[PDB]
Amino acid sequence: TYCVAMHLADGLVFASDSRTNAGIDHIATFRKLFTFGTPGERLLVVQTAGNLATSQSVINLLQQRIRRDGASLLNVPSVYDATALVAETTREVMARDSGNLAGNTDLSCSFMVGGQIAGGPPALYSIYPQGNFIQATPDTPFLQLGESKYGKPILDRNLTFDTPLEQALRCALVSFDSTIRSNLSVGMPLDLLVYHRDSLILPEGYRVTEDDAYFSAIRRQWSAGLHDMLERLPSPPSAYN
Amino acid sequence: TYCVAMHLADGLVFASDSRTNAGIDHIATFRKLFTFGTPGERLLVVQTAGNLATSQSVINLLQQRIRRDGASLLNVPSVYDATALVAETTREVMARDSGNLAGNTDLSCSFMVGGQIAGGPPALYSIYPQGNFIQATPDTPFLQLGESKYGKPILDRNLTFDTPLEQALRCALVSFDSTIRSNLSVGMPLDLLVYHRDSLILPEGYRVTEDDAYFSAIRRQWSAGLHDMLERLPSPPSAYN
Amino acid sequence: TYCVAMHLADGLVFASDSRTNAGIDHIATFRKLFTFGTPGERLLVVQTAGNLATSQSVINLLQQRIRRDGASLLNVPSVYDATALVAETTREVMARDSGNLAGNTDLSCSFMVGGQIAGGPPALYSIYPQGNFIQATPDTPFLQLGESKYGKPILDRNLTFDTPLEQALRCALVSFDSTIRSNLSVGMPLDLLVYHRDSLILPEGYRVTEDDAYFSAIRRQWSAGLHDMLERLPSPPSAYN
């Protein structure tokens, strides 16, 4: 479980893995990036991390309620209020499943909610286990969920509010490369989605499998590059021994 | 106790054993696959694993309540809500039987709930000992309960969302074959049910006994096959000694 | 101001005029038939009669509240409860505008509320100035508001629960014909809406202007008919002089 989302000058970029702890000795693939919207009016993306049961219930309820007269991700007036609604829904799910039977088992999960609603700029939020959330800004334009320390440095080094989408995406992919190599809880397939500021369309998004020609290639290149750079760095002086 | 359920493009397939630990020196046969519904409107299947007393009580209450004005498996608006109702019911049973008298004895059990209600696609959920649940998806289209590691590999290898029903069933049967050979807690008769997407009928389902011609045959074939493949595999090179 | 609504075996038919007393020397056109709903789930129609300021405020609040988390015409579980909500809203409006400044001026108005919500039959209610309401039934299948005595006889004579919609509508139009000829407070354009039982769609409804070919024609025909029948009725006997 590792998710990243970026809010940049030109729009939004989302990327999630799929490897999921579904119980003991049951590791499995589950999508962690979901889209919602009406074309020409709004796009919203929700990413998930943490307890599967909880996050599934949350997503499921959001879907059921879309087709119902009352508060829903399709009528909510701002990306803020969408984020709040997700949080609200999370609280509701935690209330029900909590009891003596759950015991000390940890039901918490976290989300990212981003997108654009007609008539206001695109936005991106991250909801914490405890249900309070923060918004990405130009000074802090990307947010992560899950197992994210491994792939943070490359984003810290290169990403800024002005990074174009194609390059941000690329950057995200390298982030996943390092993460996958160094932590087995993270794993392919990946799910990506790129959204263009003010387009107000629902992009289809894309799934990166094991076999993906492009992702295989940039991994091979990135390795060769790192290995090169390392050999062509100077040796430590006398002093260092 | 071993149960499997699959949610595929063409519908659902369920299979359960029947061997049940009912106390010390009392191992016995109990059905672990139950059906509910109204023809032309809905089919719901519940499978059970874990403590007999608890699961029996849950099933029994669901049956009694079907014939009563209020929340029941027949009026519940979605497969999700059915799953939630089963869980709700489980909580209720655990609350009552818990006390000093039970002591440290382990009353927990798990369930699968799957089926289709008119006006929405078929679905399949698994409820954990603790009462929270997950949904099967195209990427993870089968779920298991009970003593399931023995027969997992064959499902991992062959089964996908697009596998047709007849082949999925066959696959399940091989799963049971290996399981039964390698673990005595699992045992015949088996109970199967296949449901066709959008049919909205209550299939009668089928019980596989010790004597079943077909199942006996495919077991004999599968053995012969494995034995053959093994002898016709190449020898390890020099290097390996 | 004259409104009629009918609840018949095959559905509902609504018709309202538009001529409105909006102050001294200010007679004007205002729509007196409003629709609400979500396609495939519900249709509700509200007709108005009486004080313009009051009725406008009521309708305006019902619209504003539709787009808000709380009681509204879109979430209300039955046509009964919709009617109650309209009444509830009316009370609220009367409470606020009442004071010394209004004085003895008459702020009352009346409404009809009819339609269908998924899962129950269509229904039709009339709310009185005082806020209590009645329901139309098979024995009394039409209800009127405003200046209605002129056009009542034709409805009494011909309309019944089993009258088909096209004929009921026609009947309503003749009701308006007579009313318009005999009372200036009532006037075109008219606004009609026909709803088919169990359709659960929002009909667009139709406006009948001064120029309407069909309405002009049936008025001309109806005149000629009446004039004929009158001349071909027999003479009073000797006795009558």
# chains A, B, ... in the order shown; residues from 1 in each chain; ligands from 1
>>> calpha_fit_rmsd(fixed="chain A", moving="chain C")
0.2 Å
>>> residues_around(residues="residue A:188", least_positions_apart="2", cutoff="6 Å", atoms="only C-alpha atoms", output="list in words")
residues 17, 18 and 190 of chain A
>>> residues_around(residues="stretch 129-139 of chain A", least_positions_apart="2", cutoff="9 Å", atoms="only C-alpha atoms", output="PyMOL selection string")
chain A and resi 6-9+50+80+83-84+87-88+90-91+108-111+123-127+141-143+160-162
>>> write_last_selection(atoms="N, CA and C atoms", output="PDB file, in the first residue's frame")
ATOM      1  N   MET A   6      -0.548  14.525  -6.430  1.00  0.00           N
ATOM      2  CA  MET A   6       0.114  15.803  -6.626  1.00  0.00           C
ATOM      3  C   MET A   6      -0.853  16.787  -7.155  1.00  0.00           C
ATOM      4  N   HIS A   7      -0.781  18.009  -6.644  1.00  0.00           N
ATOM      5  CA  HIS A   7      -1.576  19.101  -7.146  1.00  0.00           C
ATOM      6  C   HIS A   7      -0.612  20.143  -7.632  1.00  0.00           C
ATOM      7  N   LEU A   8      -0.617  20.293  -8.953  1.00  0.00           N
ATOM      8  CA  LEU A   8       0.318  21.134  -9.679  1.00  0.00           C
ATOM      9  C   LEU A   8      -0.391  22.216 -10.478  1.00  0.00           C
ATOM     10  N   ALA A   9       0.408  23.139 -10.991  1.00  0.00           N
ATOM     11  CA  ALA A   9      -0.111  24.264 -11.746  1.00  0.00           C
ATOM     12  C   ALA A   9      -1.028  23.772 -12.849  1.00  0.00           C
ATOM     13  N   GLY A  50      -4.749   1.657   4.406  1.00  0.00           N
ATOM     14  CA  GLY A  50      -5.095   1.202   5.748  1.00  0.00           C
ATOM     15  C   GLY A  50      -5.967  -0.016   5.684  1.00  0.00           C
ATOM     16  N   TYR A  80     -13.314  20.521  -0.981  1.00  0.00           N
ATOM     17  CA  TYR A  80     -13.328  20.528   0.466  1.00  0.00           C
ATOM     18  C   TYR A  80     -14.495  19.692   1.025  1.00  0.00           C
ATOM     19  N   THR A  83     -14.204  16.019   0.575  1.00  0.00           N
ATOM     20  CA  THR A  83     -13.274  15.480   1.552  1.00  0.00           C
ATOM     21  C   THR A  83     -13.945  15.301   2.900  1.00  0.00           C
ATOM     22  N   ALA A  84     -14.676  16.321   3.310  1.00  0.00           N
ATOM     23  CA  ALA A  84     -15.429  16.249   4.550  1.00  0.00           C
ATOM     24  C   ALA A  84     -16.437  15.098   4.524  1.00  0.00           C
ATOM     25  N   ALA A  87     -14.757  11.812   5.044  1.00  0.00           N
ATOM     26  CA  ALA A  87     -14.429  11.692   6.463  1.00  0.00           C
ATOM     27  C   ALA A  87     -15.657  11.346   7.294  1.00  0.00           C
ATOM     28  N   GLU A  88     -16.714  12.102   7.059  1.00  0.00           N
ATOM     29  CA  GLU A  88     -17.997  11.859   7.682  1.00  0.00           C
ATOM     30  C   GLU A  88     -18.372  10.377   7.525  1.00  0.00           C
ATOM     31  N   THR A  90     -16.471   7.813   6.793  1.00  0.00           N
ATOM     32  CA  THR A  90     -15.537   6.996   7.550  1.00  0.00           C
ATOM     33  C   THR A  90     -15.977   6.866   9.008  1.00  0.00           C
ATOM     34  N   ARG A  91     -16.267   7.996   9.664  1.00  0.00           N
ATOM     35  CA  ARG A  91     -16.746   7.984  11.050  1.00  0.00           C
ATOM     36  C   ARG A  91     -17.910   7.023  11.213  1.00  0.00           C
ATOM     37  N   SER A 108      -8.397   1.349  11.378  1.00  0.00           N
ATOM     38  CA  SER A 108      -8.288   2.702  10.862  1.00  0.00           C
ATOM     39  C   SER A 108      -7.844   2.684   9.433  1.00  0.00           C
ATOM     40  N   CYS A 109      -8.219   3.723   8.703  1.00  0.00           N
ATOM     41  CA  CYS A 109      -7.647   3.952   7.388  1.00  0.00           C
ATOM     42  C   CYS A 109      -7.643   5.409   7.004  1.00  0.00           C
ATOM     43  N   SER A 110      -6.911   5.688   5.940  1.00  0.00           N
ATOM     44  CA  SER A 110      -6.663   7.031   5.475  1.00  0.00           C
ATOM     45  C   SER A 110      -6.999   7.133   4.002  1.00  0.00           C
ATOM     46  N   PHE A 111      -7.207   8.354   3.538  1.00  0.00           N
ATOM     47  CA  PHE A 111      -7.669   8.593   2.192  1.00  0.00           C
ATOM     48  C   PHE A 111      -7.005   9.807   1.602  1.00  0.00           C
ATOM     49  N   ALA A 123      -8.234  20.886  -6.471  1.00  0.00           N
ATOM     50  CA  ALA A 123      -7.719  20.807  -5.101  1.00  0.00           C
ATOM     51  C   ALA A 123      -7.397  19.369  -4.721  1.00  0.00           C
ATOM     52  N   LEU A 124      -6.618  19.210  -3.653  1.00  0.00           N
ATOM     53  CA  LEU A 124      -6.204  17.883  -3.180  1.00  0.00           C
ATOM     54  C   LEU A 124      -6.086  17.851  -1.671  1.00  0.00           C
ATOM     55  N   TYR A 125      -6.747  16.892  -1.028  1.00  0.00           N
ATOM     56  CA  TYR A 125      -6.688  16.769   0.417  1.00  0.00           C
ATOM     57  C   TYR A 125      -6.219  15.395   0.817  1.00  0.00           C
ATOM     58  N   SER A 126      -5.705  15.283   2.038  1.00  0.00           N
ATOM     59  CA  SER A 126      -5.387  13.977   2.625  1.00  0.00           C
ATOM     60  C   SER A 126      -6.079  13.865   3.975  1.00  0.00           C
ATOM     61  N   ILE A 127      -6.782  12.755   4.204  1.00  0.00           N
ATOM     62  CA  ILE A 127      -7.503  12.523   5.443  1.00  0.00           C
ATOM     63  C   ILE A 127      -6.717  11.550   6.276  1.00  0.00           C
ATOM     64  N   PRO A 141       3.158  20.386  -2.464  1.00  0.00           N
ATOM     65  CA  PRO A 141       2.250  20.097  -3.555  1.00  0.00           C
ATOM     66  C   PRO A 141       2.009  18.638  -3.749  1.00  0.00           C
ATOM     67  N   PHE A 142       2.670  17.786  -2.980  1.00  0.00           N
ATOM     68  CA  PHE A 142       2.336  16.359  -3.039  1.00  0.00           C
ATOM     69  C   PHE A 142       2.089  15.776  -1.667  1.00  0.00           C
ATOM     70  N   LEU A 143       1.284  14.728  -1.631  1.00  0.00           N
ATOM     71  CA  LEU A 143       0.932  14.050  -0.398  1.00  0.00           C
ATOM     72  C   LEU A 143       0.990  12.548  -0.615  1.00  0.00           C
ATOM     73  N   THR A 160       7.886  20.181  -7.789  1.00  0.00           N
ATOM     74  CA  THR A 160       7.419  21.489  -7.319  1.00  0.00           C
ATOM     75  C   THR A 160       6.096  21.799  -7.974  1.00  0.00           C
ATOM     76  N   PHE A 161       5.437  22.853  -7.503  1.00  0.00           N
ATOM     77  CA  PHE A 161       4.108  23.208  -8.007  1.00  0.00           C
ATOM     78  C   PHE A 161       4.091  23.385  -9.530  1.00  0.00           C
ATOM     79  N   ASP A 162       5.196  23.911 -10.055  1.00  0.00           N
ATOM     80  CA  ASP A 162       5.338  24.155 -11.485  1.00  0.00           C
ATOM     81  C   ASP A 162       5.799  22.966 -12.353  1.00  0.00           C
TER      82      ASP A 162
END
>>> closest_atom_pairs(of="chain A", to="chain C", cutoff="12 Å", atoms="only C-alpha atoms", output="CSV")
residue,atom,partner,partner_atom,distance
A:67,CA,C:41,CA,10.2
A:68,CA,C:75,CA,8.9
A:69,CA,C:75,CA,6.1
A:70,CA,C:69,CA,6.5
A:71,CA,C:69,CA,6.5
A:72,CA,C:69,CA,10.3
A:75,CA,C:67,CA,8.7
A:76,CA,C:67,CA,9.7
A:77,CA,C:67,CA,10.2
>>> write_last_selection(atoms="C-alpha atoms", output="compact mmCIF listing (two decimals), in the first residue's frame")
# COMPACT_ATOMS: atom_id res chain seq x y z
CA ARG A 67 -27.63 7.14 -6.76
CA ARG A 68 -29.78 8.69 -3.96
CA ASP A 69 -31.42 12.08 -3.12
CA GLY A 70 -29.19 13.53 -0.35
CA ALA A 71 -25.54 14.34 0.34
CA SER A 72 -23.24 12.63 -2.17
CA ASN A 75 -23.83 17.26 -5.49
CA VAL A 76 -21.37 18.42 -2.83
CA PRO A 77 -20.42 22.02 -3.74
>>> residues_around(residues="stretch 198-201 of chain A", least_positions_apart="6", cutoff="7 Å", atoms="only C-alpha atoms", output="ChimeraX atom specification")
/A:39-43
>>> select_by_dssp(residues="stretch 20-217 of chain B", states="helix (DSSP H, G or I)", output="PyMOL selection string")
chain B and resi 52-66+79-97+152-158+165-182+213-217
>>> atom_distance(atom1="atom CA of residue B:33", atom2="atom CA of residue B:218")
23.0 Å
>>> atom_distance(atom1="atom CA of residue A:102", atom2="atom CA of residue B:59")
20.5 Å
>>> select_by_dssp(residues="stretch 2-160 of chain A", states="strand (DSSP E or B)", output="VMD selection string")
chain A and resid 2 to 8 11 to 16 19 to 21 27 to 29 33 to 38 42 to 50 109 to 117 123 to 127 133 to 135 142 to 146
>>> residues_around(residues="residue C:57", least_positions_apart="3", cutoff="10 Å", atoms="only C-alpha atoms", output="compact mmCIF listing (two decimals) with N, CA and C atoms, in the first residue's frame")
# COMPACT_ATOMS: atom_id res chain seq x y z
N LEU C 52 -50.36 35.98 -3.19
CA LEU C 52 -49.17 35.80 -4.02
C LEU C 52 -47.91 35.78 -3.19
N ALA C 53 -47.76 36.78 -2.34
CA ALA C 53 -46.56 36.87 -1.47
C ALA C 53 -46.33 35.64 -0.63
N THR C 54 -47.39 35.12 -0.05
CA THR C 54 -47.28 33.96 0.78
C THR C 54 -46.91 32.78 -0.08
N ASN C 60 -40.59 29.25 -2.89
CA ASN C 60 -39.20 29.63 -2.86
C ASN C 60 -38.42 28.89 -1.80
N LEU C 61 -38.99 28.74 -0.61
CA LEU C 61 -38.31 28.00 0.46
C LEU C 61 -38.22 26.50 0.15
N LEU C 62 -39.26 25.92 -0.42
CA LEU C 62 -39.19 24.53 -0.85
C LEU C 62 -38.10 24.29 -1.88
N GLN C 63 -37.91 25.22 -2.81
CA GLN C 63 -36.82 25.11 -3.78
C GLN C 63 -35.46 25.24 -3.12
N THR C 89 -44.28 24.32 5.97
CA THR C 89 -43.60 25.47 5.43
C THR C 89 -44.52 26.70 5.42
N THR C 90 -45.77 26.50 5.02
CA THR C 90 -46.75 27.58 5.01
C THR C 90 -46.85 28.22 6.38
N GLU C 92 -44.73 28.33 8.76
CA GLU C 92 -43.53 29.07 9.01
C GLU C 92 -43.58 30.46 8.36
N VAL C 93 -44.09 30.53 7.13
CA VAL C 93 -44.13 31.80 6.41
C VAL C 93 -45.13 32.76 7.04
N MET C 94 -46.28 32.23 7.45
CA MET C 94 -47.34 33.02 8.08
C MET C 94 -46.91 33.59 9.41
>>> atom_distance(atom1="atom CA of residue C:79", atom2="atom CA of residue C:31")
21.8 Å
>>> decode(residues="stretch 52-195 of chain B", atoms="C-alpha atoms", output="compact mmCIF listing (two decimals), in the first residue's frame")
# COMPACT_ATOMS: atom_id res chain seq x y z
CA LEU B 52 -20.72 -24.42 15.11
CA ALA B 53 -22.91 -23.08 17.92
CA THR B 54 -22.37 -19.52 16.85
CA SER B 55 -22.85 -20.03 13.18
CA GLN B 56 -25.92 -22.15 13.74
CA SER B 57 -27.46 -19.49 15.90
CA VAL B 58 -26.77 -16.84 13.29
CA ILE B 59 -28.32 -18.86 10.49
CA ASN B 60 -31.26 -19.81 12.63
CA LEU B 61 -32.08 -16.22 13.50
CA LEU B 62 -31.81 -15.15 9.87
CA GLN B 63 -34.35 -17.85 8.98
CA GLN B 64 -36.77 -16.98 11.78
CA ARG B 65 -36.59 -13.29 10.90
CA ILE B 66 -37.28 -13.83 7.18
CA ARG B 67 -40.85 -14.64 8.26
CA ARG B 68 -41.19 -11.32 10.21
CA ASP B 69 -41.95 -7.63 9.45
CA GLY B 70 -38.57 -5.87 9.82
CA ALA B 71 -34.95 -6.16 8.58
CA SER B 72 -34.36 -9.55 6.90
CA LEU B 73 -32.43 -11.15 4.09
CA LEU B 74 -35.51 -10.88 1.86
CA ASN B 75 -36.13 -7.10 2.01
CA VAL B 76 -32.59 -5.78 2.42
CA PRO B 77 -31.96 -3.56 -0.66
CA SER B 78 -28.43 -4.80 -1.67
CA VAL B 79 -25.99 -7.67 -1.26
CA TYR B 80 -23.83 -5.22 0.76
CA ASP B 81 -26.70 -4.65 3.21
CA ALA B 82 -27.32 -8.38 3.40
CA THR B 83 -23.68 -8.90 4.42
CA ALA B 84 -24.05 -6.12 6.97
CA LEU B 85 -27.16 -7.75 8.35
CA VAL B 86 -25.40 -11.11 8.76
CA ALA B 87 -22.58 -9.32 10.61
CA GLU B 88 -25.06 -7.38 12.72
CA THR B 89 -26.68 -10.72 13.61
CA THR B 90 -23.35 -12.28 14.49
CA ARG B 91 -22.61 -9.45 16.94
CA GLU B 92 -25.96 -10.02 18.57
CA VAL B 93 -25.23 -13.75 19.07
CA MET B 94 -21.75 -13.12 20.51
CA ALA B 95 -23.12 -10.62 23.00
CA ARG B 96 -25.62 -13.13 24.46
CA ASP B 97 -23.39 -16.29 24.78
CA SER B 98 -20.39 -14.38 26.18
CA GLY B 99 -20.16 -14.57 30.01
CA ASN B 100 -18.04 -16.23 32.75
CA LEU B 101 -19.48 -19.65 31.81
CA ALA B 102 -18.03 -19.66 28.27
CA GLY B 103 -14.66 -18.71 29.86
CA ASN B 104 -11.74 -18.83 27.37
CA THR B 105 -13.50 -21.04 24.78
CA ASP B 106 -13.37 -19.53 21.24
CA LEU B 107 -16.85 -18.61 19.92
CA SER B 108 -15.83 -16.82 16.74
CA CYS B 109 -16.91 -17.62 13.22
CA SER B 110 -16.72 -16.29 9.72
CA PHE B 111 -19.10 -16.16 6.78
CA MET B 112 -19.38 -15.52 3.09
CA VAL B 113 -22.39 -13.77 1.72
CA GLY B 114 -22.94 -13.60 -2.00
CA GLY B 115 -25.71 -13.40 -4.56
CA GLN B 116 -27.76 -10.99 -6.61
CA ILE B 117 -30.69 -8.71 -6.00
CA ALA B 118 -32.85 -7.46 -8.86
CA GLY B 119 -31.52 -4.27 -10.39
CA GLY B 120 -27.87 -4.57 -9.46
CA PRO B 121 -24.97 -6.82 -10.35
CA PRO B 122 -24.08 -9.99 -8.43
CA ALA B 123 -21.63 -9.58 -5.54
CA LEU B 124 -19.63 -11.58 -2.99
CA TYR B 125 -18.40 -10.63 0.49
CA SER B 126 -16.44 -12.33 3.25
CA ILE B 127 -17.03 -11.49 6.92
CA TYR B 128 -14.16 -11.90 9.31
CA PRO B 129 -14.25 -13.22 12.87
CA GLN B 130 -14.29 -9.62 14.11
CA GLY B 131 -17.39 -8.61 12.04
CA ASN B 132 -15.85 -6.36 9.39
CA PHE B 133 -16.00 -7.51 5.78
CA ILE B 134 -14.53 -7.35 2.34
CA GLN B 135 -15.77 -7.63 -1.16
CA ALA B 136 -14.38 -9.75 -3.93
CA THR B 137 -13.36 -7.84 -7.08
CA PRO B 138 -12.11 -8.68 -10.58
CA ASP B 139 -8.50 -8.52 -9.36
CA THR B 140 -9.31 -10.77 -6.37
CA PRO B 141 -12.27 -12.80 -7.59
CA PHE B 142 -12.28 -15.68 -5.09
CA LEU B 143 -12.42 -15.87 -1.32
CA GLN B 144 -11.86 -18.75 1.11
CA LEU B 145 -12.84 -19.71 4.61
CA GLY B 146 -11.58 -22.31 6.91
CA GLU B 147 -8.66 -24.55 6.16
CA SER B 148 -7.76 -23.02 2.81
CA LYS B 149 -3.98 -22.93 2.29
CA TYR B 150 -3.86 -26.48 0.90
CA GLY B 151 -6.14 -25.70 -2.03
CA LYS B 152 -5.16 -22.11 -2.66
CA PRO B 153 -2.39 -22.64 -5.20
CA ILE B 154 -4.56 -24.23 -7.83
CA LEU B 155 -6.95 -21.27 -7.58
CA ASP B 156 -4.20 -18.71 -7.65
CA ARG B 157 -2.74 -20.36 -10.77
CA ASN B 158 -5.84 -20.75 -12.90
CA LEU B 159 -8.74 -18.69 -11.70
CA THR B 160 -9.50 -15.19 -12.97
CA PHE B 161 -12.57 -12.99 -13.25
CA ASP B 162 -13.13 -14.22 -16.83
CA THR B 163 -12.94 -17.94 -16.04
CA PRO B 164 -16.28 -19.50 -17.10
CA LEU B 165 -18.44 -21.06 -14.40
CA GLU B 166 -18.10 -24.76 -15.43
CA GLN B 167 -14.29 -24.35 -15.29
CA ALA B 168 -14.26 -22.45 -12.06
CA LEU B 169 -16.34 -25.19 -10.47
CA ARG B 170 -13.98 -27.81 -11.75
CA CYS B 171 -11.13 -25.82 -10.36
CA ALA B 172 -12.82 -25.65 -6.99
CA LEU B 173 -13.27 -29.40 -6.96
CA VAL B 174 -9.57 -29.96 -7.50
CA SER B 175 -8.95 -27.53 -4.65
CA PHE B 176 -11.06 -29.79 -2.42
CA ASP B 177 -9.34 -32.87 -3.68
CA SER B 178 -5.92 -31.70 -2.47
CA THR B 179 -7.34 -30.32 0.73
CA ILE B 180 -9.12 -33.54 1.66
CA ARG B 181 -6.02 -35.61 1.08
CA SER B 182 -3.79 -33.45 3.19
CA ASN B 183 -6.05 -32.41 6.09
CA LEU B 184 -8.52 -34.60 7.93
CA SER B 185 -10.50 -31.71 9.38
CA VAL B 186 -11.91 -31.26 5.86
CA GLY B 187 -14.29 -33.87 4.50
CA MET B 188 -17.20 -34.93 2.37
CA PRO B 189 -19.98 -34.55 1.52
CA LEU B 190 -19.51 -31.27 -0.32
CA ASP B 191 -22.23 -28.84 -1.21
CA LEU B 192 -22.04 -26.82 -4.44
CA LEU B 193 -24.07 -24.09 -5.99
CA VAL B 194 -23.67 -22.34 -9.31
CA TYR B 195 -25.60 -19.13 -10.08
